[PDB]
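Single-structure report; data block below.
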Amino acid sequence: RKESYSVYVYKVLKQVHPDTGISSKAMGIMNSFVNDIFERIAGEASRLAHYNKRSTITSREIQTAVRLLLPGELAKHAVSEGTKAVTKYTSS
Amino acid sequence: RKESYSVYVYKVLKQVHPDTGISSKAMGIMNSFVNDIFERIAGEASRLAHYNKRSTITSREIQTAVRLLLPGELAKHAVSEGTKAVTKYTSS
Amino acid sequence: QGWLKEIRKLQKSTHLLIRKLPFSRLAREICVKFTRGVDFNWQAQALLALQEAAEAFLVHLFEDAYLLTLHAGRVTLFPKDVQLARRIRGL
Amino acid sequence: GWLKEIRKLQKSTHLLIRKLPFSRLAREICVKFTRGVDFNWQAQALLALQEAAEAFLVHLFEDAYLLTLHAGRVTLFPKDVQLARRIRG
Amino acid sequence: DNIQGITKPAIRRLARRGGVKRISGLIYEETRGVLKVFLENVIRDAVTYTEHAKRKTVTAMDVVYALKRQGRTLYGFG
Amino acid sequence: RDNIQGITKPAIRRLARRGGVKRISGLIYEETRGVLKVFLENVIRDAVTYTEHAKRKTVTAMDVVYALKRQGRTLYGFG
Amino acid sequence: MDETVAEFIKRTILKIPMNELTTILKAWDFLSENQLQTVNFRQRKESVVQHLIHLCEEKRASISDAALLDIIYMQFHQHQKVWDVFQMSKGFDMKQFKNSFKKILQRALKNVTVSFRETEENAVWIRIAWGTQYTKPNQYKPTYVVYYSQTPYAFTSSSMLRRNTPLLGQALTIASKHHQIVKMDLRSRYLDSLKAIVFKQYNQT
Amino acid sequence: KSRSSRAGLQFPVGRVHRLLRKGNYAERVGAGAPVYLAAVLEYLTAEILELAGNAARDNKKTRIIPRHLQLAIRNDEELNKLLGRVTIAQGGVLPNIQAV
Amino acid sequence: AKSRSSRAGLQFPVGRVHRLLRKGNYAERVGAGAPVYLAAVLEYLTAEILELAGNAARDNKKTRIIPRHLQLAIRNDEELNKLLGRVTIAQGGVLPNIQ
DNA sequence: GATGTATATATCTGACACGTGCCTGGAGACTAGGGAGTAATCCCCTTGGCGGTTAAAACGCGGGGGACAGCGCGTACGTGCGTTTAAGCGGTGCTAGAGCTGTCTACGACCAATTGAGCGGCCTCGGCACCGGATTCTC
DNA sequence: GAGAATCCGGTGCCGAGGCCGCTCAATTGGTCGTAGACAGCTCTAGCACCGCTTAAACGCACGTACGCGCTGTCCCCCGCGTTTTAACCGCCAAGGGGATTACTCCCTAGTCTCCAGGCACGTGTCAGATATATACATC
């Protein structure tokens with residue numbers, strides 16, 4: 001009844017690694033990681049819905065929030081991967 | 001068409017001081033002061049509408065936000081003055 | 001020597017360098033002085049959380065304040081070093 | 001000697017870095033982070049850049065000089081400035 | 001007492017983790033002092049949340065939120 | 001052609017006198033010209049983004065105020 | 001390729017309205033029509049140009065092709081700018097003229113950018129991007145010259161960047177087979193009025 | 001009959017309530033909150049301007065300039081911790097001199 | 001009858017992020033394409049930090065991730081140290097740093 | 001004792017406190033429906049205590065290691081002063097660019113049925129933590 | 001040139017991952033109001049430049065005030081061995097209150113309607129700025 005993000009982190013770990021197990025405590029760290037970055041970006045992009053006097057959150061505002069909240073090379077890889085996800089989402 | 005807080009700061013200054021003038025630049029500082037504290041308190045109390053799984057902002061949440069966002073004696077004077085304003089607001 | 005082994009040992013393991021019950025009694029003593037009369041229940045995980053934060057803060061403070069003793073040519077810390085290290089940040 | 005110079009400069013409030021070299025420096029650095037596109041700074045925003053830069057440098061040299069009196073120096077070496085940034089983070 | 005539980009070898013191990021080679025003697029007071037002036041600013045910033053949701057129990061999320069507002073974000077214990 | 005030497009040899013001296021330093025050393029003149037430059041990048045790259053988002057070729061004062069607020073060094077006096 | 005011309009092509013196509021963007025891209029003659037068929041022309045403009053750049057990421061790009069796109073963009077927005085009228089005197093293939101003008105201008109300053117385009121009534125549209133001997137040429141503030149082989153007249157676009165006006169005038173006078181250049185009062189917005197006020201006098205001298 | 005004068009305040013109440021509706025802070029906004037908020041803002045504004053006016057008076061000038069707010073903030077202890085990460089335009093610094 | 005992450009080609013969920021981004025009161029209107037992009041960004045960040053953690057896990061001849069491995073994989077990399085600066089990982093310890 | 005160091009006033013200069021017109025956002029009214037405050041409950045998580053051990057802290061001691069104070073050489077820095085260069089005023093032009101006013105359309109809230117993806121409880125078994133053993137290293 | 005540091009092996013143990021039941025929240029689908037992309041027009045305020053002019057930087061010569069390495073002295077933390085002590089483990093009782101559900105009710109939100117307040121504009125006029133000139137404070 002109280003959800004978390006353990007199953008999805010476990011699926012990503014079994015994707016990019018064959019059999020590397022993860023303890024039940026360190027997984028908790030991953031929860032408080034990715035209940036945190038989502039608090040920043042999807043918080044901070046909300047601020048860019050207020051300075052430009054808008055009311056929506058489209059993909060462009062999240063793109064600029066990722067351009068702000070991350071250092072250089074990691075931000076470049078993230079913005080290169082996200083639109084790659086969106087383009088194969090559009091032609092469903 | 002673009003509002004500000006100059007008139008009210010001028011009224012408070014003429015209240016607590018007889019004839020002390022204020023320049024048109026320093027008044028601008030007061031704008032960016034009190035478009036800022038209102039961004040903190042009425043921002044941060046919104047967070048206390050989310051941790052307790054509520055949807056309202058009553059006087060009690062603003063009271064706790066003032067208890068958090070201010071150092072000791074200034075917070076004590078502010079919480080002593082605010083309820084004094086509210087009690088003479090209720091019996092209208 | 002001796003210290004050269006202890007720095008290698010303590011930087012390897014990830015234990016708790018402060019004992020449990022004195023830190024818990026200190027936290028309860030501080031919590032009593034605010035909003036008196038009533039006691040305050042503590043969950044057993046919250047005191048561990050505050051202990052991990054306090055240990056990480058003090059280790060980071062000593063590691064940051066040590067760099068103002070190699071800078072003066074000395075080897076040894078002083079309370080001047082710690083007070084200056086807090087003066088630089090603004091805490 | 002210098003003591004009549006400090007107590008004159010901690011009294012006034014005007015800008016110290018001249019406006020046109022700082023404007024040329026900002027227009028130089030800005031064109032590298034926008035893929036070769038010019039911009040048009042409002043005449044108000046360059047004052048904001050210059051005030052933030054002056055406040056940051058004055059606070060930085062105050063903390064660096066606080067470091068210089070610790071080691072017996074009076075002179076402010078470049079070992080002092082590159083250490084008051086790693087402490088502050 | 002209730003402050004002398006943070007003994008001399010405790011602060012000594014806290015320093016030896018930090019890379020400090022040789023330690024003076026007066027540190028063992030000031031560190032205790034700064035420890036107190038840390039924990040107070042975590043306690044009341046916690047307990048106000050405890051006084052808001054009207055319960056007599058400080059949860060771990062309250063301390064995590066007090067450290068969130070303080071500046072030092074803590075992971076794991078959420 | 002020098003492009004960073006608009007910061008002069010005594011302008012750094014005026015900033016050090018405002019800071020309260022009695023006697024500057026030598027290579028500080030080659031050090032501060034680094035540090036300032038780095039700081040301006042972490043404003044201007046952070047301030048060219050906001051004005052890129054609102055389809056404006058004009059970098060207003062509010063954009064630099066927002067970027068400085070996001071860095072942590074809040075600026076009041078303009079707007 | 002470099003990572004500067006992509007922003008220029010993106011900004012130029014963002015300035016193009018959707019009413020004739022397919023006309024611009026068919027007249028520009030740089031991509032395959034199958035890749036025109038691939039691109040959705042029904043979603044919003046903030047991703048159509050992303051798809052078009054991603055087409056031009058792979059195959060070919062330059063600064064010259066982007067400049068020629070800029071020329072074709074400027075040829076359909078003559079209502080925006082304000083023009084100036086020159087004339088030479090004291091004195092023919094256009095290939096030698098192109099080579100002479102480009103070599104004289106590249107010997108005058110270090111960094112310039114010249115681009116030509118052939119148009120009927122023997123017209124040539126010359127885009128000039130000025131620069132210095134230390135900086136890149138500013139693409140975003142061009143200078144356009146409408147030159148005719150028959151008439152000694154030339155239409156001149158104004159710009160922010162002055163101080164290269166007598167340099168361009170003397171370099172174009174030496175680049176042509178002439179010795180004198182004038183500067184009349186004729187400064188207006190529409191090209192057809194200047195065309196009429198020149199050609200009613202020139203065809204009927 | 002206005003809500004500013006009904007509670008005996010000087011800062012507006014309708015504008016603060018308008019900025020709490022359109023500020024995306026909670027889905028519902030009570031009536032007892034923004035009067036409390038405007039009272040706290042009025043107290044902080046008076047707290048700054050009293051010290052600013054006294055420092056302007058002690059410099060024998062009948063006008064408030066940003067150097068006076070700089071002195072009043074950096075000489076007060078509470079506002080030193082409230083505004084500790086604040087730069088002020090046309091600011092200046094404190095008269096700081098120290099020897100060896 | 002068809003999953004959102006399966007259209008997205010991702011692994012993090014999409015409907016849960018959209019539910020939180022409506023219920024969090026961040027804006028009064030949520031665009032449809034936003035949480036897919038946001039979930040892809042979160043997936044790339046978690047993939048990067050676990051990809052850096054597993055190499056240090058095999059470096060210590062282990063296959064079970066303890067928090068010390070996450071501490072080292074954060075602090076040794078430069079750009080993640082730029083990102084996760086003011087974060088104290090629980091049960092973490094410090095880098096081997098002498099003199 | 002001449003060089004600052006504070007003060008009288010000259011006037012002149014422009015910001016600013018103020019007065020008016022005026023557009024629109026704030027107040028009055030009232031229904032309505034979800035938010036929540038109060039009441040009860042039951043378990044579940046915390047508090048208190050008995051007891052025994054065993055690492056862990058406290059305390060003398062001496063010894064080298066280091067901090068501190070003086071000091072001489074010297075060199076890198078402040079200052080004085082003529083030049084020459086670049087910065088400011090200010091004035092003109094003058095046009096790209098903010099913005100803002102309509103429009104129409106794709107698009108996202110809003111809502112009824114429905115079902116499987118994910119959460120709670122459980123059960124190993126291999127990964128791992130610790131304990132004991134065999135192979136290197138500097139004083 | 002041998003006690004100390006590193007790698008290795010064996011054994012208990014316990015949490016990590018697989019598995020099932022299930023339920024509620026995410027999906028699918030059809031409806032409608034509207035947020036915002038898009039175009040075009042209009043005022044404005046930022047950039048380029050130029051002539052002047054002049055205030056400040058630049059370059060240099062030089063005197064000398066600190067930087068730094070050295071060295072002597074004296075004190076003062078760290079390692080070591082012994083004694084003492086309280087932290088912890090595991091248990092056992094018990095009970096205070098945290099989480100859950102019900103139920104009414106009340107209080108804020110929406111829409112309409114009316115007008116008083118806060119903003120843009122314009123203007124005389126006092127506050128200070130800077131400048132010169134003259135009475136005190138001092139190494």
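So you can find residues: chains in the structure tokens are A, B, ... in the order shown, residues in each start at 1, and ligands are numbered from 1 in order.
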Open item on the list: List the spatial neighbours of segment 68-73 of chain E as an NGL selection string - criterion: any atom at most 12 Å away, only C-alpha atoms (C1' of nucleotides), same-chain residues fewer than 5 positions off excluded.
Closed with: (:A and (32-33 or 36-37 or 39)) or (:B and (40 or 44-45 or 47-48 or 65 or 68-69)) or (:C and (49-50 or 52-54 or 56-57 or 60 or 91)) or (:E and (38-46 or 49 or 61-63 or 78)) or (:F and (72)) or (:I and (84-90))
TODO: Please identify all polymer residues within 9 Å of segment 10-24 of chain H, counting only C-alpha atoms (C1' of nucleotides), omitting same-chain residues fewer than 5 positions from it, and present them as a ChimeraX atom specification.
DONE: /A:50 /B:5,8-9,11-12,38,42-43,46 /H:2-5,29,31,33-35,37-39,41-42 /I:25-28 /J:26
For the selection you just gave me, I'd like the residues written to a file as a compact mmCIF listing (two decimals), in the first residue's frame, keeping N, CA, C and O atoms (P, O5', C5', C4', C3', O3' and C1' of nucleotides).
```txt
# COMPACT_ATOMS: atom_id res chain seq x y z
N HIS A 50 6.32 29.35 -14.47
CA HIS A 50 5.85 30.52 -13.75
C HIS A 50 6.53 31.80 -14.18
O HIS A 50 5.92 32.87 -14.13
N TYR B 5 5.38 46.62 -4.77
CA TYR B 5 5.08 46.80 -3.36
C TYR B 5 5.67 48.11 -2.83
O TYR B 5 6.10 48.19 -1.69
N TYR B 8 3.10 50.36 -0.24
CA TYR B 8 2.87 49.83 1.09
C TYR B 8 4.10 50.00 1.98
O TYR B 8 3.97 50.32 3.17
N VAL B 9 5.29 49.80 1.41
CA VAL B 9 6.53 50.07 2.15
C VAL B 9 6.64 51.55 2.48
O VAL B 9 7.08 51.92 3.58
N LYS B 11 4.06 53.52 3.03
CA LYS B 11 3.11 53.77 4.12
C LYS B 11 3.65 53.29 5.46
O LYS B 11 3.47 53.97 6.48
N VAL B 12 4.33 52.14 5.48
CA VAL B 12 4.91 51.65 6.73
C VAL B 12 6.04 52.56 7.19
O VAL B 12 6.18 52.85 8.39
N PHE B 38 8.19 36.11 0.99
CA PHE B 38 6.94 35.48 0.56
C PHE B 38 7.19 34.27 -0.33
O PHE B 38 6.38 33.34 -0.33
N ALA B 42 5.60 31.10 2.15
CA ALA B 42 4.50 30.54 1.38
C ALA B 42 4.94 29.56 0.31
O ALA B 42 4.08 28.99 -0.37
N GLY B 43 6.24 29.36 0.12
CA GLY B 43 6.69 28.20 -0.61
C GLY B 43 6.81 27.03 0.35
O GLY B 43 6.22 25.97 0.14
N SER B 46 3.91 25.23 1.83
CA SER B 46 3.33 24.33 0.84
C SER B 46 3.91 22.93 0.95
O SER B 46 3.19 21.94 0.79
N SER H 2 -12.62 47.00 3.97
CA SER H 2 -11.57 46.26 3.29
C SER H 2 -10.84 45.34 4.26
O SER H 2 -10.69 45.66 5.44
N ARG H 3 -10.37 44.19 3.75
CA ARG H 3 -9.72 43.20 4.61
C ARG H 3 -8.36 43.64 5.11
O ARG H 3 -7.85 43.06 6.07
N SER H 4 -7.75 44.65 4.49
CA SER H 4 -6.56 45.23 5.08
C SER H 4 -6.91 46.02 6.33
O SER H 4 -6.29 45.84 7.39
N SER H 5 -7.93 46.88 6.24
CA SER H 5 -8.33 47.71 7.37
C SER H 5 -9.14 46.96 8.40
O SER H 5 -9.25 47.41 9.54
N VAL H 29 -6.85 27.15 -0.35
CA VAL H 29 -6.20 28.14 0.50
C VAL H 29 -7.22 28.63 1.51
O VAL H 29 -8.29 29.12 1.12
N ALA H 31 -8.73 30.95 4.81
CA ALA H 31 -8.92 32.38 5.00
C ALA H 31 -8.10 32.94 6.15
O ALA H 31 -7.82 34.14 6.15
N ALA H 33 -4.95 32.13 6.86
CA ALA H 33 -3.53 32.16 6.52
C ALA H 33 -3.01 33.50 5.97
O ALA H 33 -2.01 33.99 6.51
N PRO H 34 -3.59 34.12 4.92
CA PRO H 34 -2.90 35.27 4.33
C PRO H 34 -2.89 36.52 5.19
O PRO H 34 -1.99 37.35 5.03
N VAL H 35 -3.83 36.67 6.12
CA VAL H 35 -3.76 37.77 7.08
C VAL H 35 -2.56 37.60 8.01
O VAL H 35 -1.82 38.55 8.29
N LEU H 37 0.12 35.95 7.15
CA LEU H 37 1.29 36.13 6.30
C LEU H 37 1.60 37.61 6.09
O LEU H 37 2.77 38.02 6.19
N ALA H 38 0.58 38.42 5.83
CA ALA H 38 0.79 39.85 5.65
C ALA H 38 1.24 40.52 6.93
O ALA H 38 2.05 41.46 6.89
N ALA H 39 0.77 40.03 8.09
CA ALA H 39 1.24 40.58 9.36
C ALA H 39 2.72 40.28 9.59
O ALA H 39 3.47 41.15 10.04
N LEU H 41 4.99 39.73 7.22
CA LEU H 41 5.75 40.55 6.27
C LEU H 41 5.83 42.00 6.71
O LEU H 41 6.88 42.65 6.55
N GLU H 42 4.75 42.53 7.28
CA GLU H 42 4.77 43.90 7.79
C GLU H 42 5.72 44.05 8.96
O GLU H 42 6.43 45.06 9.06
N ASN I 25 1.14 18.90 -7.28
CA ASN I 25 0.84 20.31 -7.51
C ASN I 25 2.09 21.08 -7.94
O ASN I 25 2.56 21.99 -7.26
N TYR I 26 2.62 20.69 -9.09
CA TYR I 26 3.69 21.44 -9.72
C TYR I 26 3.20 22.38 -10.79
O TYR I 26 3.74 23.48 -10.93
N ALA I 27 2.18 21.98 -11.55
CA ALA I 27 1.48 22.90 -12.43
C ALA I 27 0.06 22.38 -12.59
O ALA I 27 -0.22 21.20 -12.37
N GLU I 28 -0.84 23.28 -13.00
CA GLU I 28 -2.24 22.93 -13.15
C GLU I 28 -2.54 22.19 -14.44
O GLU I 28 -3.69 21.83 -14.68
P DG J 26 -6.56 41.53 -6.76
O5' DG J 26 -7.52 41.92 -5.55
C5' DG J 26 -7.36 43.16 -4.87
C4' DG J 26 -8.65 43.59 -4.21
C3' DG J 26 -9.31 42.55 -3.30
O3' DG J 26 -9.84 43.18 -2.14
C1' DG J 26 -10.83 43.22 -4.96
```
- [ ] Please identify every residue of chain F that has at least one atom no more than 8 Å from any atom of chain B, counting only C-alpha atoms, and report them as number ranges by chain.
- [x] F: 76-79
Expected file contents, prior selection, C-alpha atoms, as a compact mmCIF listing (two decimals), in the first residue's frame:
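Result file selection-v4.txt:
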```
# COMPACT_ATOMS: atom_id res chain seq x y z
CA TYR F 76 18.31 41.86 -4.69
CA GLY F 77 18.86 45.36 -6.03
CA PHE F 78 17.77 44.95 -9.64
CA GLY F 79 14.62 43.78 -11.36
```
Open item on the list: Residues of chain J were defined as contacting chain H if any atom lay at most 10 Å from it, counting only C-alpha atoms (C1' of nucleotides); please report them as a PyMOL selection string.
Closed with: chain J and resi 25-27+35
Writing out the chosen residues with N, CA, C and O atoms (P, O5', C5', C4', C3', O3' and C1' of nucleotides) as a PDB file, in the first residue's frame:
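Writing done, so here's selection17.pdb:
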```
ATOM      1  P    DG J  25      -6.761  43.104 -13.671  1.00  0.00           P
ATOM      2  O5'  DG J  25      -6.495  42.570 -12.192  1.00  0.00           O
ATOM      3  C5'  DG J  25      -5.748  43.362 -11.284  1.00  0.00           C
ATOM      4  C4'  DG J  25      -6.533  43.641 -10.011  1.00  0.00           C
ATOM      5  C3'  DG J  25      -6.911  42.415  -9.186  1.00  0.00           C
ATOM      6  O3'  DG J  25      -6.768  42.718  -7.820  1.00  0.00           O
ATOM      7  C1'  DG J  25      -8.837  43.638  -9.671  1.00  0.00           C
ATOM      8  P    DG J  26      -6.557  41.534  -6.763  1.00  0.00           P
ATOM      9  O5'  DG J  26      -7.517  41.920  -5.549  1.00  0.00           O
ATOM     10  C5'  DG J  26      -7.356  43.155  -4.871  1.00  0.00           C
ATOM     11  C4'  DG J  26      -8.654  43.590  -4.210  1.00  0.00           C
ATOM     12  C3'  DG J  26      -9.310  42.550  -3.304  1.00  0.00           C
ATOM     13  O3'  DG J  26      -9.836  43.182  -2.140  1.00  0.00           O
ATOM     14  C1'  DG J  26     -10.831  43.225  -4.963  1.00  0.00           C
ATOM     15  P    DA J  27     -10.401  42.304  -0.914  1.00  0.00           P
ATOM     16  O5'  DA J  27     -11.961  42.646  -0.876  1.00  0.00           O
ATOM     17  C5'  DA J  27     -12.405  43.853  -0.271  1.00  0.00           C
ATOM     18  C4'  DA J  27     -13.890  44.077  -0.506  1.00  0.00           C
ATOM     19  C3'  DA J  27     -14.816  43.093   0.202  1.00  0.00           C
ATOM     20  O3'  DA J  27     -15.950  43.779   0.723  1.00  0.00           O
ATOM     21  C1'  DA J  27     -15.212  43.030  -2.128  1.00  0.00           C
ATOM     22  P    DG J  35     -11.336  16.143  -0.821  1.00  0.00           P
ATOM     23  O5'  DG J  35     -10.600  17.306  -0.025  1.00  0.00           O
ATOM     24  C5'  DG J  35     -11.369  18.370   0.486  1.00  0.00           C
ATOM     25  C4'  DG J  35     -10.746  18.940   1.740  1.00  0.00           C
ATOM     26  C3'  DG J  35      -9.697  18.073   2.392  1.00  0.00           C
ATOM     27  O3'  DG J  35      -8.869  18.884   3.200  1.00  0.00           O
ATOM     28  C1'  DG J  35     -11.774  17.950   3.585  1.00  0.00           C
TER      29       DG J  35
END
```
Per residue of chain J within 9 Å of chain G, note the shortest atom pair and the distance in Å to one decimal, counting only C-alpha atoms (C1' of nucleotides), and order the rows by chain and increasing residue number, as CSV.
```
residue,atom,partner,partner_atom,distance
J:94,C1',G:160,CA,8.6
J:95,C1',G:160,CA,7.7
J:96,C1',G:160,CA,8.9
```
As a PDB file with C-alpha atoms, in the first residue's frame, could you give me every residue of chain E near chain I (at most 9 Å apart, counting only C-alpha atoms)?
```
ATOM      1  CA  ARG E  17      39.225   9.071   9.686  1.00  0.00           C
ATOM      2  CA  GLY E  18      39.676  12.628   8.451  1.00  0.00           C
ATOM      3  CA  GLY E  19      43.375  12.242   7.703  1.00  0.00           C
ATOM      4  CA  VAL E  20      44.601  14.236  10.704  1.00  0.00           C
ATOM      5  CA  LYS E  21      48.089  13.082  11.644  1.00  0.00           C
ATOM      6  CA  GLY E  71      21.168  21.862   3.586  1.00  0.00           C
ATOM      7  CA  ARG E  72      22.857  18.489   4.096  1.00  0.00           C
ATOM      8  CA  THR E  73      20.661  16.074   2.160  1.00  0.00           C
ATOM      9  CA  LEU E  74      20.617  12.565   3.628  1.00  0.00           C
ATOM     10  CA  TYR E  75      19.862   9.470   1.565  1.00  0.00           C
ATOM     11  CA  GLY E  76      19.072   5.890   2.460  1.00  0.00           C
ATOM     12  CA  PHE E  77      16.951   6.321   5.567  1.00  0.00           C
TER      13      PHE E  77
END
```
